[PDB]
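This report concerns only the one structure given below.
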Amino acid sequence: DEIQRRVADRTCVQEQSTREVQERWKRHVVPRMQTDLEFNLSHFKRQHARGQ
Amino acid sequence: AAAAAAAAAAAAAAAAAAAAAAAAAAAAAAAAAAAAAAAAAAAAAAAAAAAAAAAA
Amino acid sequence: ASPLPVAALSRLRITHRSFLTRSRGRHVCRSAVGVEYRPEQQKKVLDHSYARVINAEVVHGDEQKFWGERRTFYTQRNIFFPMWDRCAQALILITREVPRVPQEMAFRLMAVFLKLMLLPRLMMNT
Amino acid sequence: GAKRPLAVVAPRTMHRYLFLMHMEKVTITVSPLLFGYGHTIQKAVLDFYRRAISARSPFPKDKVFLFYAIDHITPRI
Amino acid sequence: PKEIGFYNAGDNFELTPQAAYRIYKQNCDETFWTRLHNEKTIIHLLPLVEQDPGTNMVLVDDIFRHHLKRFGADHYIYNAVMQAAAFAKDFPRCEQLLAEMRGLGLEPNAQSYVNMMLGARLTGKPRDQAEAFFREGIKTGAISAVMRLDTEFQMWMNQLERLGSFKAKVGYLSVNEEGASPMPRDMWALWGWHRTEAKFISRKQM
Amino acid sequence: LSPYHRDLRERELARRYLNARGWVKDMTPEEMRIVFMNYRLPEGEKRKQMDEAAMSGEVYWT
Amino acid sequence: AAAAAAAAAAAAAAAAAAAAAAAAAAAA
Amino acid sequence: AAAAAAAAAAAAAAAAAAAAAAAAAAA
Amino acid sequence: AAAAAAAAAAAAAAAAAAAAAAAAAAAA
């Protein structure tokens, strides 16, 4: 517990934030987000390919 | 059990996998709701989705 | 009980490779654990022939300026932009709204009429 | 394919820069969907990239390819 | 007390099996208990496993199932139990395990192939079942061999037969004598060159 | 006060966690949004940020 | 049914093919 | 004729499809 | 579901054609 507490006190204050950002993402984004990302990436690929 | 070397997980340390909505879990559940609900609500939803198709 | 989702099993993989490494004369056991594309889809990544993985420079032109960007705004500290914001901008841009075509909305408007016109066609088929 | 056996001893130095040696390509794959704050392996790999494409890098800047992946890839070089 | 553990002939503190299993049984759900601690325990159980495979395997499966419900599935645990089965001389259990690895999406590690060569060997099965494991493992890109395959494989086999198991007539594991001491008979012993590098250090430094 | 960072639940107990160790205790939250703000940030965007309405408009759409 | 129709309108051609094939395979 | 349509608009997918299999089996 | 099918099975061909004409005129 000393080891992991000292390691945590080193690098762990961040995942506090990472959590609430993550759940902000799942609340305000994921519902209205697109279902298919592959067609999106295809779209981007042909769009960039067309010079547009 | 007195000496462990360095722990390593499936995801990264201190990095969370951010959610994304996939294919089946959305499509098939929408088809399931449309199924078991009614063809009246599916008709009105066909009218709102054709509203979004004409708007598009 | 799978660590990966059922869908990704045909694509992804979970690799664990453990190494003995030297630290100040001592030897520690550190492993690299990672989720990775399978060898076939990997060789398709290196070829740039793979969907589901997009080249970065089409997302925002010229990474070199994008990642190599250093803040010029009222500061002589030429420090690079933070990591979190570059990642955030990236995964914002990846996830943006593609303008879904009304023609697919027409194939789906035809797909909405499936049940009604199939029961109406099955009633008049006798 | 080896006509003659391998070597037994390797030289040891500190490599400050990535320089194109016998490599013809270097691919860096990151899913931006994997995300976090602070120092993480994500940050380390992307920093690898930042270093390779930087002004002082002897590496030719045309051969380094960054790839955003959709599903949850532990960043790999 | 000598039941719990002791400093063995090389002045090394080793835990006892049945001491280890109890420590496990108490600390399983503890927050500090990591997935490596499990496999460390499983390792500590191997001699028991081999000397009596019937009643000491059940413990291995307690650790197995428990680990599985605290951390869903891992390489650590599968490697470990499959090695346990390798000493317990159940081959079908090993192949079954490996299949379960691949089916779970776990990409079998270089140690999984060494576990398979070990099981293959000490279960008294012909060569070329182990050779196929080594070669398949080298195609996979887990094992990387520098020499031609035959001689490399000979090296692995010779390295296993030196190491032959706990019940055997010859091997490293076949030597049961342990200079048993409550305390290391020299406290300033070196792992290094200097007195700086000394083997025994404070617990707050360690 | 902004769509995401505006929550009364986690904000109040933050203020009281600060009041615990005796950080600024005389503050009405609305003057806390005043005394602490980017000082080298110009005027208009600062009164824009101090206001609920002009800051209510910016939200991640989809 | 509002968000179901919002999500229905966004489906791609391969996705609409998947949903029609799955709704036709599930029922009749 | 109106009651059958207003009953059909209350029907599910399993309902109109099992009525499809029943109308195909009967007639 | 069973009552609608039992009521539709007792109808004639002209009543089923009139119910199909009413289902084409109403629901369409």
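Quick note on naming: the chains in the structure tokens go A, B, ... in the order shown, residues restart at 1 in each chain, and ligands are numbered from 1 in order of appearance.
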
Superimposed copy of chain G on chain I by least squares over C-alpha atoms, as a JSON list (two decimals) with C-alpha atoms, in the first residue's frame:
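Okay, this is what ended up in result-v2.json:
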[["chain", "number", "residue", "atom", "x", "y", "z"],
["G", 1, "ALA", "CA", -54.30, -10.68, -32.79],
["G", 2, "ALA", "CA", -55.74, -14.19, -32.31],
["G", 3, "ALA", "CA", -59.36, -13.20, -32.99],
["G", 4, "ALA", "CA", -58.11, -10.64, -35.55],
["G", 5, "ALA", "CA", -56.51, -13.53, -37.44],
["G", 6, "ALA", "CA", -59.62, -15.65, -36.86],
["G", 7, "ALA", "CA", -61.76, -12.90, -38.40],
["G", 8, "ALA", "CA", -59.20, -12.20, -41.16],
["G", 9, "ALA", "CA", -59.34, -15.80, -42.41],
["G", 10, "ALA", "CA", -63.14, -15.65, -42.74],
["G", 11, "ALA", "CA", -63.24, -12.58, -45.03],
["G", 12, "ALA", "CA", -64.64, -13.11, -48.55],
["G", 13, "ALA", "CA", -62.88, -12.13, -51.81],
["G", 14, "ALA", "CA", -64.89, -8.88, -52.12],
["G", 15, "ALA", "CA", -64.27, -8.30, -48.41],
["G", 16, "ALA", "CA", -60.51, -8.99, -48.71],
["G", 17, "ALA", "CA", -60.51, -6.61, -51.69],
["G", 18, "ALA", "CA", -62.31, -4.03, -49.53],
["G", 19, "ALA", "CA", -59.81, -4.46, -46.66],
["G", 20, "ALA", "CA", -56.71, -4.32, -48.89],
["G", 21, "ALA", "CA", -58.11, -1.33, -50.80],
["G", 22, "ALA", "CA", -58.96, 0.45, -47.52],
["G", 23, "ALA", "CA", -55.60, -0.35, -45.85],
["G", 24, "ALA", "CA", -53.79, 0.84, -49.00],
["G", 25, "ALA", "CA", -55.99, 3.98, -49.19],
["G", 26, "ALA", "CA", -55.51, 4.78, -45.49],
["G", 27, "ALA", "CA", -51.71, 4.31, -45.51],
["G", 28, "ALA", "CA", -49.73, 5.11, -48.71]]

Residues of chain C within 9 Å of chain D: nearest atom pair and distance (Å, one decimal) for each, counting only C-alpha atoms, sorted by chain and number, as CSV?
residue,atom,partner,partner_atom,distance
C:8,CA,D:71,CA,8.4
C:12,CA,D:73,CA,8.5
C:33,CA,D:74,CA,8.3
C:34,CA,D:74,CA,5.1
C:35,CA,D:74,CA,5.3
C:36,CA,D:73,CA,5.8
C:37,CA,D:73,CA,7.6
C:45,CA,D:67,CA,8.8
C:46,CA,D:27,CA,7.1
C:52,CA,D:70,CA,5.7
C:53,CA,D:69,CA,4.3
C:54,CA,D:68,CA,5.4
C:55,CA,D:67,CA,4.7
C:56,CA,D:67,CA,5.2
C:57,CA,D:66,CA,7.7
C:59,CA,D:68,CA,8.9
C:63,CA,D:66,CA,8.3
C:64,CA,D:53,CA,6.1
C:67,CA,D:50,CA,6.2
C:68,CA,D:50,CA,6.1
C:83,CA,D:43,CA,6.3
C:84,CA,D:37,CA,6.0
C:87,CA,D:32,CA,6.0
C:88,CA,D:32,CA,7.7
C:90,CA,D:32,CA,6.4
C:91,CA,D:32,CA,5.1
C:92,CA,D:32,CA,8.9
C:94,CA,D:32,CA,8.2

Suppose we keep N, CA, C and O atoms; can you now write the selection as a tab-separated table (two decimals), in the first residue's frame?
chain	number	residue	atom	x	y	z
C	8	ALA	N	-14.98	-7.19	-32.27
C	8	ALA	CA	-13.57	-6.92	-32.54
C	8	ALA	C	-12.67	-8.16	-32.51
C	8	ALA	O	-11.49	-8.07	-32.82
C	12	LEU	N	-9.11	-7.45	-33.92
C	12	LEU	CA	-8.13	-7.16	-32.89
C	12	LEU	C	-7.42	-8.41	-32.36
C	12	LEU	O	-7.69	-9.53	-32.80
C	33	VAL	N	2.01	-4.98	-22.65
C	33	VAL	CA	0.69	-5.49	-22.96
C	33	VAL	C	0.00	-4.50	-23.87
C	33	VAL	O	-0.03	-3.30	-23.59
C	34	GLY	N	-0.56	-5.01	-24.96
C	34	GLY	CA	-1.23	-4.13	-25.90
C	34	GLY	C	-2.28	-4.82	-26.73
C	34	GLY	O	-2.22	-6.03	-26.95
C	35	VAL	N	-3.24	-4.03	-27.20
C	35	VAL	CA	-4.23	-4.51	-28.14
C	35	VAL	C	-3.85	-4.05	-29.54
C	35	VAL	O	-3.54	-2.88	-29.76
C	36	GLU	N	-3.86	-4.98	-30.48
C	36	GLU	CA	-3.21	-4.74	-31.75
C	36	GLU	C	-4.01	-5.32	-32.90
C	36	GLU	O	-4.75	-6.28	-32.71
C	37	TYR	N	-3.86	-4.74	-34.09
C	37	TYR	CA	-4.50	-5.33	-35.25
C	37	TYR	C	-3.79	-6.62	-35.63
C	37	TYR	O	-2.57	-6.72	-35.51
C	45	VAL	N	-2.37	-2.42	-43.02
C	45	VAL	CA	-2.14	-1.07	-42.50
C	45	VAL	C	-0.87	-0.47	-43.09
C	45	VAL	O	-0.86	0.68	-43.52
C	46	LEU	N	0.20	-1.26	-43.11
C	46	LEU	CA	1.48	-0.77	-43.61
C	46	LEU	C	1.41	-0.44	-45.10
C	46	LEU	O	2.23	0.33	-45.61
C	52	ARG	N	-10.97	1.68	-41.70
C	52	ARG	CA	-11.01	1.70	-40.22
C	52	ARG	C	-9.75	2.34	-39.61
C	52	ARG	O	-9.69	2.57	-38.40
C	53	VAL	N	-8.77	2.63	-40.45
C	53	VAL	CA	-7.59	3.39	-40.06
C	53	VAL	C	-7.32	4.46	-41.10
C	53	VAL	O	-7.04	4.15	-42.26
C	54	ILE	N	-7.38	5.71	-40.70
C	54	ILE	CA	-7.24	6.80	-41.65
C	54	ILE	C	-5.88	7.48	-41.52
C	54	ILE	O	-5.38	7.69	-40.42
C	55	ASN	N	-5.27	7.78	-42.66
C	55	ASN	CA	-4.05	8.56	-42.68
C	55	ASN	C	-4.30	9.89	-42.02
C	55	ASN	O	-5.37	10.48	-42.19
C	56	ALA	N	-3.34	10.37	-41.24
C	56	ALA	CA	-3.57	11.56	-40.44
C	56	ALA	C	-3.63	12.82	-41.30
C	56	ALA	O	-4.39	13.74	-40.99
C	57	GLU	N	-2.86	12.87	-42.38
C	57	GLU	CA	-2.67	14.12	-43.11
C	57	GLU	C	-3.88	14.53	-43.95
C	57	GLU	O	-3.94	15.65	-44.46
C	59	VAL	N	-6.79	14.23	-42.36
C	59	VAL	CA	-7.66	14.73	-41.30
C	59	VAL	C	-7.46	16.23	-41.11
C	59	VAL	O	-8.41	17.01	-41.18
C	63	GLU	N	0.58	17.45	-40.67
C	63	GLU	CA	0.88	17.15	-39.28
C	63	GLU	C	2.08	17.91	-38.78
C	63	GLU	O	2.08	18.44	-37.67
C	64	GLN	N	3.11	17.92	-39.61
C	64	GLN	CA	4.39	18.51	-39.24
C	64	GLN	C	4.20	19.89	-38.63
C	64	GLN	O	4.85	20.24	-37.64
C	67	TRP	N	1.43	18.96	-35.23
C	67	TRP	CA	2.08	18.41	-34.05
C	67	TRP	C	3.31	19.21	-33.69
C	67	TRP	O	3.64	19.38	-32.51
C	68	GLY	N	4.00	19.70	-34.71
C	68	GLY	CA	5.19	20.51	-34.50
C	68	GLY	C	4.86	21.93	-34.08
C	68	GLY	O	5.75	22.77	-33.96
C	83	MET	N	-0.48	17.71	-24.71
C	83	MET	CA	-0.84	16.48	-25.37
C	83	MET	C	-2.34	16.35	-25.46
C	83	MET	O	-2.89	16.00	-26.50
C	84	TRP	N	-2.98	16.68	-24.34
C	84	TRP	CA	-4.41	16.47	-24.17
C	84	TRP	C	-5.22	17.24	-25.20
C	84	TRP	O	-6.27	16.77	-25.64
C	87	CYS	N	-4.64	15.58	-28.81
C	87	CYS	CA	-5.48	14.39	-28.84
C	87	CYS	C	-6.95	14.77	-28.95
C	87	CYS	O	-7.69	14.18	-29.73
C	88	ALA	N	-7.36	15.77	-28.17
C	88	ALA	CA	-8.76	16.20	-28.16
C	88	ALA	C	-9.18	16.75	-29.50
C	88	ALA	O	-10.27	16.45	-29.97
C	90	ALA	N	-7.81	16.07	-32.37
C	90	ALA	CA	-7.81	14.93	-33.28
C	90	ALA	C	-9.12	14.17	-33.17
C	90	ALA	O	-9.83	14.02	-34.16
C	91	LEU	N	-9.46	13.72	-31.97
C	91	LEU	CA	-10.62	12.86	-31.79
C	91	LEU	C	-11.93	13.65	-31.88
C	91	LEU	O	-13.01	13.07	-31.92
C	92	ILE	N	-11.82	14.97	-31.91
C	92	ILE	CA	-12.97	15.80	-32.28
C	92	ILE	C	-13.16	15.70	-33.78
C	92	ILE	O	-14.25	15.38	-34.26
C	94	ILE	N	-12.06	13.55	-35.96
C	94	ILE	CA	-12.38	12.20	-36.41
C	94	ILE	C	-13.88	11.96	-36.34
C	94	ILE	O	-14.48	11.38	-37.25

task = Determine which residues of chain E sit within 10 Å of chain C, taking into account only C-alpha atoms, and present them as a PyMOL selection string.
result = chain E and resi 68-69+71-76+101-111+140+142+191-192+197

I need the chosen residues saved as a PDB file, in the first residue's frame, with C-alpha atoms.
ATOM      1  CA  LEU E  68     -10.826 -14.622 -13.505  1.00  0.00           C
ATOM      2  CA  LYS E  69     -13.655 -12.828 -11.713  1.00  0.00           C
ATOM      3  CA  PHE E  71      -9.557  -9.361 -13.503  1.00  0.00           C
ATOM      4  CA  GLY E  72     -11.443 -10.755 -16.452  1.00  0.00           C
ATOM      5  CA  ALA E  73      -8.802 -12.768 -18.285  1.00  0.00           C
ATOM      6  CA  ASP E  74      -5.063 -12.353 -18.640  1.00  0.00           C
ATOM      7  CA  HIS E  75      -1.882 -13.802 -19.973  1.00  0.00           C
ATOM      8  CA  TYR E  76      -0.451 -14.056 -16.466  1.00  0.00           C
ATOM      9  CA  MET E 101      -6.353 -18.492 -25.044  1.00  0.00           C
ATOM     10  CA  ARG E 102      -6.797 -18.205 -28.795  1.00  0.00           C
ATOM     11  CA  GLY E 103     -10.591 -18.196 -28.545  1.00  0.00           C
ATOM     12  CA  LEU E 104     -10.470 -15.357 -26.034  1.00  0.00           C
ATOM     13  CA  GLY E 105      -8.305 -13.333 -28.364  1.00  0.00           C
ATOM     14  CA  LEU E 106      -5.284 -13.782 -26.110  1.00  0.00           C
ATOM     15  CA  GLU E 107      -2.254 -14.154 -28.371  1.00  0.00           C
ATOM     16  CA  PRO E 108      -0.176 -16.967 -26.888  1.00  0.00           C
ATOM     17  CA  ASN E 109       3.077 -15.652 -25.482  1.00  0.00           C
ATOM     18  CA  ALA E 110       6.580 -17.088 -25.945  1.00  0.00           C
ATOM     19  CA  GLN E 111       6.226 -18.501 -22.454  1.00  0.00           C
ATOM     20  CA  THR E 140       3.826 -16.814 -34.909  1.00  0.00           C
ATOM     21  CA  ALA E 142       6.625 -15.140 -30.353  1.00  0.00           C
ATOM     22  CA  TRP E 191      24.699  -9.305  -5.067  1.00  0.00           C
ATOM     23  CA  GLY E 192      27.076  -6.841  -6.701  1.00  0.00           C
ATOM     24  CA  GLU E 197      25.401  -3.284  -4.048  1.00  0.00           C
TER      25      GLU E 197
END

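Near chain C, the residues of chain H that fall inside 10 Å (using only C-alpha atoms) are residues 8, 9, 13, 16, 17, 19, 20, 21, 23, 24 and 27 of chain H.
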
inquiry  = To test your reading of the structure, identify every residue in chain E that backbone DSSP assigns to alpha helix (DSSP H), and report it as a PyMOL selection string.
reply    = chain E and resi 20-27+35-51+53-70+75-87+91-104+110-122+129-140+149-161
